[PDB]
Ligand SMILES: OC[C@H]1O[C@@]2(CC(c3ccccc3)=NO2)[C@H](O)[C@@H](O)[C@@H]1O
Ligand SMILES: OC[C@H]1O[C@@]2(CC(c3ccccc3)=NO2)[C@H](O)[C@@H](O)[C@@H]1O
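Chains as they are written, first to last, in UniProt numbering: chain A, 13 to 255, 262 to 315, 325 to 837; chain B, 13 to 255, 262 to 315, 325 to 837.
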């Protein structure tokens, strides 16, 4: 149908059809008489998977022959989403498969909806890892993603009576056609035990053993025939485990629980033993695999020349003392040499500055679980503090601030401090965030080792986040400037010369309307909810958290409702306000915010006076597959975190690429987005970081805003009195109390500017031509935010490798 | 190479080779450079599996079109062993695959050794189910095996310091290429809850739900293109299960533990809740599947015309009240009609008379777990006892003897009584056993309903137990009488005309010697143990149990050793005495017997005076795959249970088919084996059932035998004094105490006759020609013991269906 989806050659279509029928018969053991849509999905998945294998085998043998420096990306989260369409896109098979299935009497888009998301992440951090894998393959890097194969990913969210309910994400129930189990490469991981000092160094003895079984998933690059590997570890009990008899076999579950479930916390540290086990599990198995591969290429001096390890936050921070353990205890290297190798191998990316998100593990937990690692951490700390004392003589408070060991009620290890000490590079994820690291939380470390600190602004892959989810937009762009931009997003700047082109203006607006119609239809079919496709689609999708200020959005919504009720016969620009996202199960306030949103919808959506002028919808079960649907349909992107709290954001970049305008604070990557597009083409409002600092010095008093803003007072009175919960008048008392007395994120302080800015949004929307021209200026300057740009920077500035767009032979 | 293994056509070999390479590439994602023997096994398995699928699909659609009466074989155990060779044999692909792999530079027999046994059974009962499935497919019956997919089958046995150690049988670790998961046919199973009586009957409410997910395995018939199904259920938690959050997901293990592990008890009842859950799990899921299939063909009058359910012992006895529950509570049939349907549908096979093996479930367990079933059982009991009271007026003791409910300290349900009441046919598994049922334990029931009681003598499949494991013997037979006997074992009678044929005598003895050499080589390669291939191979392989009297064998071994030591320079016929089998982990005495055997070996095997004249070996990890190796190598089959204790035995039949002579008591199927071959061609010794009865009336006094047999006294003195355990003098005190004071199985009573009979064995072995002539007379009369004969009898006399040898189109 459309050009960017590739060719549908006679030979290819015929071959795909026959292989489809072969898989339905031999693989699925079905015939067309009893086959269901799900069977058809699997037949298609297996057919497409077959096209990966040749490239996968030859890519890995190419790396063995060429022996390039290998990049190891360690993460506890990989938020992959669906794989079928992405694979077709990267292999140029989409049109061919569409044709093949059409000739078989099937709709491919219907089949695509059957695939479960691989939801092995919480949100932004996990999704960044996924975009990074795509970019590393597209840039021809010898890269490996290493993580945990959770049996249960991020929970499925159901809304019942306006409240969030959780259910297990049983994503493997029907099988996973993309993974290949590699039981032959199973490795042992050790826990507990004790340290024994001998004539020849320390020995870690009397341990409990859990097996790590790898599953490999192919990661195809964009049309370059490169297929890299994501290797995820699954926990297995040894066969002599606990070996009455029956109970001993049943108790194998205890060991295998390590890889059972993803911790559902976004930007929050929960210091549970099971989580610590998960972190060591991935680190220990991965490092053995790295060292094996290095030996199968004695001389560890060349280790850093052949190996780079990237730590995705502090979650895999145990890589540092584990590498030291292996080099010192097992390979018999002297400390100083082992440390040199470790530092040159490891690099650390920090993803947040929120105090409650930082990992600080109780010493007593590490003492019991990982006694040798604690000893190594103590030794690292002593040697590091000796360096600090030499550089800043007599500065005793600096020594306590910089220590890896934190004293107090319970002694803890600061894992961020461990990572900085043991890495040759430390980066933040947006310019403002990286500067905040150097000025505040890691100031002492920056003063000691300035050369270590870098910035690498986040990005998103234009394959999934444009070509896959928005083929209509991809096509109208390709018609004007060709296809090269898909792997060279900076080429979108060429669209600036079309900002006054009447045909292009029409096409951009047409594509948006089509996306909106499609999404409006999706909502009716799957959720029986009714929306006006002519209204402004006002969208805030992201995890529910106080810092992200879904509450500020709620206040604007109520403001709009109240204004309509005050003057019903006055024209307002119609809006559909959509808010979606999951709350961590133990996060009471986030769960209350969800209930508030649905409660507002209950009132607003059923008020006859409002009509189709304002609709409030909570988008249930927000996840990668839903993002791919709603983002292309959005007009307005809500990026409204308190300045200094959102390290980067990546949802923001997705909306910019897909033709939505942004209302946002100068926070995270919003700052660079506004810089790229020009501030005139962005809806910027609210406090800057400096303004937040000034308010903190003075003391934030929410009562002041309540007293001076009559429209705000009305909303608080409505919430308190039970206007949005008539049968439970005091339901939202916790929300009101927090807003009035202990709001860490200063919701009231940005209210007036926000509402004012939103009026400017509505004004522009009344002028479709000028709205679209501003959209074009956003799309055209979105190039910087390709993860290809991000990865090229990591490659050149941290890993010491050169990216390549050269094809491997097919 | 050999004729019975089929043709190796040019087209077939070329096609097998290309499909092998295809699977290695696309399925296994390997190339010849990094592939291991295990990869080669899987490539072969997938290649052979492909040949099943067409036949599997067309067989099942044939049953849908023809709508024949369906046979449902319900068992908690299916001891399948390996599948690769069996599939090749039944599809006539063995020679072709041998050629194909040979041309690829691989040895097929090496690849076959990589496959794990499917060890989903304990021994005889589970293996009978497996032979039955093979025969049902070969006889063209619309048959389905239903059971549980245990994650862990019968434990792997390791011998450490002469003691049995257990380890988990992780048989699914590398995957199972033979099964097809059918998650789309998942069914709910209910537990606990309570019974609510309404205006319209009883309702079972507030239950806990566990999901039953089916996995289908193909069961090919012998060269008839029929492929039946074995459907095994796996336990799954519902997604809202227990839905802090993390613990709730972790607690899913509790539900899924139902299908985790096989209870390792042979002929012993353990009244544990988990086992009861397993029994209901298989019954509830299976019955829903049966009823669905019946409806997809309102009128339950025709149910028994279209459905037969065979209960493999009392383990699936809950089928009776479950069927009543569904018909009465759900389908709204009146009691009397539902009962008529149930009785005509169900039939029960009893497999043992040992009191400790009979299932008697505590009422309190059924009350809590299955409240509605208990109510139904009570109602069945009341109506049944009303019938008994009408037939035998005033006989109050009969009423208490026949009751399904047993009174006492704890009230129990006698599941055997339930099965007799609710079945139209009840059978034993050998003529002597079936007669014992009518005369003793079920005498009261036989008097009430004589027409119900039948015999169906057990059998073994000649495919696995001759063609597969002993191709050399199969071939020399085929050379004389053709190939028809493989599916018509009665044709072996034609070999009687070759008992004086000098060429045949030579060939039979040659095949045995070759098998012995091969097995002697296997022992050296895998266990580094050394044996004389010229010695008499004296073999007792079976589960370790007091009733099977491995101890009697031990006494003979020590007798032989003592006689050699008394007269070292006297010639004796050299023997290799091999004993193997697993002990249930909680069975102390059986574990002690294993230690005794190894302790005897430790003394006998290292005595320089003995030399190569006597060797005692414990065969580690006896299982189906080992049986296939050792049985063809055996000269003497030990079948020495106390008369009246071994219901049938099936190992006995395996040895008879493979050219071993039998030393045995007149117990189980031994009686019919001797009848078929002629008593002159069998080494019969010891008490008959009547002699055991006489001794019991008198009172068994072991001291009498000790006092009157000097050779026996010596052995007991050796055991007691510490001759076989110098460092632990009292190690075998429990064994001596049991033998002297509480031997339920009268080991001493058969000692003299046994030793005498063994002397006659040695005498015959000195004359190779006459030994072989007697062997020929055994092989020639083994036809009755084909499971094809057994299944044909079940079909005609119980199920009301006619077997067919007609081919389905390929
Ligand atoms: O760099 C990727 C993203 O990382 C974060 C940090 C984060 C996280 C998740 C789990 C644990 C700790 C931090 N999720 O999102 C940041 O909050 C977000 O701003 C950033 O875009
Ligand atoms: O019919 C098949 C076989 O059945 C038994 C009975 C049995 C068994 C196994 C588990 C639970 C209860 C009984 N295993 O073997 C009998 O002991 C054996 O004699 C017979 O050949």
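Note that beta-carbon positions come from the ideal geometry of N, C-alpha and C, so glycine has one too.
| Check | Outcome |
| --- | --- |
| Are the segment 781-789 of chain B and the segment 707-715 of chain B touching, with three or more C-beta to C-beta distances below 8 Å? | yes |
| Note down, in chain order, each residue of its chain lying with its Cβ closer than 7 Å to the Cβ of residue 652 (chain A), except the 5 sequence neighbours on either side. | 93, 94, 129 |
| Closest by CA to residue 642 (chain B), which one among B:675, B:677, B:563? | B:563 |
| Could you name the residues whose beta carbon sits closer than 6 Å to any heavy atom belonging to ligand 1, keeping them in chain order? | A:134, A:135, A:136, A:137, A:140, A:284, A:285, A:340, A:378, A:379, A:384, A:456, A:485, A:673, A:674, A:675, A:676, A:677, A:695 |
| At what residue ranges does the segment 96-180 of chain A contain a whole run of the beta strand (DSSP E), taking only runs of 3 or more? | 130-132, 155-160, 168-172, 175-179 |
| Which of the three DSSP states, helix, strand or coil, is assigned to residue 727 (chain A)? | coil |
| When Cβ atoms are compared, which residues of the segment 55-71 of chain B fall closer than 7 Å to chain A? | 62, 65, 68, 69 |
| Going by C-alpha distance, which of A:364, A:341, A:302 is nearest residue 329 (chain A)? | A:364 |
| So residue 159 (chain A) packs on residue 211 (chain A), CB below 8 Å; how close in whole Å? | Actually they do not touch by this definition, with Cβ atoms about 39 Å apart. |
| For residue 203 (chain A), name the three-state secondary structure that DSSP assigns. | strand |
| Which complete beta strand (DSSP E) runs does the segment 402-442 of chain A hold, if anything under 3 residues is left out? | 439-441 |
| Count the CB pairs spanning the segment 451-462 of chain B and the segment 418-430 of chain B that are closer than 8 Å, and state whether there are at least three. | no |
| For residue 41 (chain A) and chain B, any beta-carbon pair shorter than 7 Å? | yes |
| Please list the partners that residue 279 (chain A) has in chain B, where partner means a Cβ-to-Cβ separation under 9 Å. | 263, 264, 267, 268 |
| Count the other CB atoms within 10 Å of the CB of residue 383 (chain A); is the residue buried (16 or more) or exposed (fewer)? | exposed |
| Can you give the beta carbon distance from residue 772 (chain A) to residue 692 (chain A), rounded, assuming they're within the 8 Å contact cut? | At roughly 11 Å, the Cβ-Cβ gap does not stay under 8 Å, so residue 772 (chain A) and residue 692 (chain A) are not in contact. |
| Is it right to say residue 509 (chain B) is buried, meaning 16 or more other beta carbons lie within 10 angstroms of its own, or is it exposed? | exposed |
| When DSSP labels each residue in this structure, what does residue 775 (chain B) get in the three-state scheme? | helix |
| If you measure between the beta carbons of residue 461 (chain B) and residue 79 (chain B), is that distance less than 7 Å? | no |
| Express the C-alpha separation of residue 185 (chain A) and residue 482 (chain A) in angstroms, rounding to a whole number. | 41 Å |
| Taking 8 Å as the cut-off, does the segment 628-644 of chain A touch the segment 658-665 of chain A (at least 3 CB pairs, one atom from each stretch)? | no |
| Name the residues in the segment 159-180 of chain A whose C-beta lies less than 8 Å from a C-beta of chain B; which are they? | 164, 167, 168, 177, 178, 179, 180 |
| Run down chain B in chain order and give the residues with a C-beta less than 9 Å from the C-beta of residue 192 (chain A). | 40, 41 |
| Starting from residue 282 (chain A), find everything on chain B with Cβ-Cβ shorter than 8 Å and list it in chain order. | 263 |
| Go to residue 312 (chain A), then tell me how far its alpha helix (DSSP H) extends in each direction, as first and last residue. | 291-313 |
| With a threshold of 7 Å on Cβ separation, who are the neighbours of residue 274 (chain A) within its own chain once the five nearest residues in sequence on each side are excluded? | 247, 248, 249 |
| For residue 819 (chain B), which residues of its own chain have a beta-carbon under 6 Å away from its beta-carbon, when the five flanking residues on both sides are left out? | 830 |
| Can you confirm whether residue 80 (chain B), when its beta carbon is compared against all beta carbons of chain A, has any partner nearer than 7 Å? | no |
| Output, in chain order, the set of chain A residues within a Cβ distance shorter than 9 Å of residue 8 (chain B). | The shown model of chain B, from 13 to 837, leaves out residue 8 (chain B), and the question about it has no answer. |
| Taking 7 Å as the CB-CB cut-off, is residue 255 (chain B) touching chain A? | yes |
| The beta strand (DSSP E) spanning residue 648 (chain A) covers which residue range? | Segment: none, residue 648 (chain A) is in no beta strand (DSSP E) and carries neither H nor E. |
| With distances taken from CA atoms, which of A:622, A:718, A:55, A:700 is nearest residue 812 (chain A)? | A:700 |
| Does the beta-carbon of residue 514 (chain B), which I'm using as the reference point, lie nearer than 6 Å to any heavy atom of ligand 3? | Annotation note on ligand 3: not contained in the displayed structure, which lists ligand 1 and ligand 2 as its ligands. |
| By the criterion of Cβ-Cβ separation under 8 Å, what are the contact partners of residue 50 (chain B) in chain A? | 196 |
| Judging by CA-CA distance, which residue of B:148, B:199, B:387, B:836 is the nearest neighbour of residue 294 (chain B)? | B:387 |
| Please name the residues in the segment 584-613 of chain B whose beta-carbon is closer than 9 Å to at least one beta-carbon of chain A, in chain order. | 611, 612, 613 |
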